[PDB]
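A short worksheet on the structure shown next.
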Amino acid sequence: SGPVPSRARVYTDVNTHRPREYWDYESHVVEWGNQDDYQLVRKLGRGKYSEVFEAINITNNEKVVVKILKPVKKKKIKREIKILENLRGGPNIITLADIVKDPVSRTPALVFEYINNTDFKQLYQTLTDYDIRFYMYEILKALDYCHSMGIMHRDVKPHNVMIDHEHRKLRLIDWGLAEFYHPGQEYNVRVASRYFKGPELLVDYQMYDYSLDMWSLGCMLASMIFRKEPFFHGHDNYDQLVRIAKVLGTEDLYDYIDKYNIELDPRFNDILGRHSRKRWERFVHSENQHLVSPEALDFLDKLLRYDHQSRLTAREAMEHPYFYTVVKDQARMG
Ligand SMILES: O=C1C=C2C[C@]3(O)COc4c(ccc(O)c4O)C3=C2C=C1O
């Protein structure tokens, strides 16, 4: 008599009907390319799981980005490699070009296509209402594609979405947390960045699905249209859900815990307390006004739902009136 089980309401059995070895990444064997083809040019960022460089393929003077892994389980590395290969060539998915063994750390190093990114903390520089619809739609293209391939990204955030604004070119990146969906499976809830974790993770409900990425996406949407990143800013995981409740209200949240019989921490209820649902209008002011419309508001609201099963799918999201114009001028005769 623990929690109520859940299944994705779309793309449920996509993996069930793939041959093994589509999803059996443990089985996967890496074919290594040549390390000496690539020359590290400058460091871009350091993380706990990798170090990231801009590099040059000396064989053709093409720019690339190399992600050198820190020492890590074969399994976690094959998982990321398998997912990048399964998704390769999909819309707005970052293209893995090659896999080499770094000759200094003897660690696998992944080589991706190069994208001239503008950093998101500066991007909002003349970033209009239409830019947000367009890039949001581009992200949805990717999410629909990877979900339909039985894959959850589980780390959607501004930083994992690269944009070359000049060319209106976007890629979804960093698939090191991504996982294959199997109906009934109980996943690890230590995924995603704090600001973008869905209620299901915050309340330790492990049998989640693709739906998680849609919450993280609403978070991104909210921060962009309201000019406040991150939108939900808690000091820890507990407070994170307290931040969501203050906006979405505690009524809807306890309805969610009832429905799935989730059972909350002793006085998790303490810090949650009691909160009115807010009108999305209370986050509108004169410097975000122009990014905001009833369509943006309605769309947003159908993303940030406590109940994962009741959130829009990426496909459904694409069909929203918010994107009508974006769809119109992506219809090209060629
Ligand atoms: O496939 C990719 C591709 C990139 C390119 C790139 O976006 C460049 O710059 C980065 C970064 C990751 C962390 C970081 O701190 C940073 O600066 C990158 C990636 C991660 C991936 O999985």
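The residues of chain A that appear here are 2-335 by Swiss-Prot count, in order.
Quick reminder: no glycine exception, Cβ is built from N, Cα and C everywhere.
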Per Swiss-Prot, which of 6-11, 12-17, 36-41, 186-191 is region 'Interaction with beta subunit'? 36-41
Check Swiss-Prot: it lists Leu45, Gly46, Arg47, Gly48, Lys49, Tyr50, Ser51, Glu52, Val53 as binding ATP. Then name which of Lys64, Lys68 it lists for that same site. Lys68
Just checking: which of the recorded positions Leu45, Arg47, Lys49, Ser51, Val53, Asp156 have a C-beta under 6 Å from ligand 1? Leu45, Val53
What's the CA to CA span in angstrom from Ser51 (ATP binding site) over to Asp156 (active site, proton acceptor)? 15
If I take the alpha carbons of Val53 (ATP binding site) and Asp156 (active site, proton acceptor), what is the distance between them in whole Å? 17
Give the helix, strand or coil assignment DSSP yields for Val53 (ATP binding site). strand
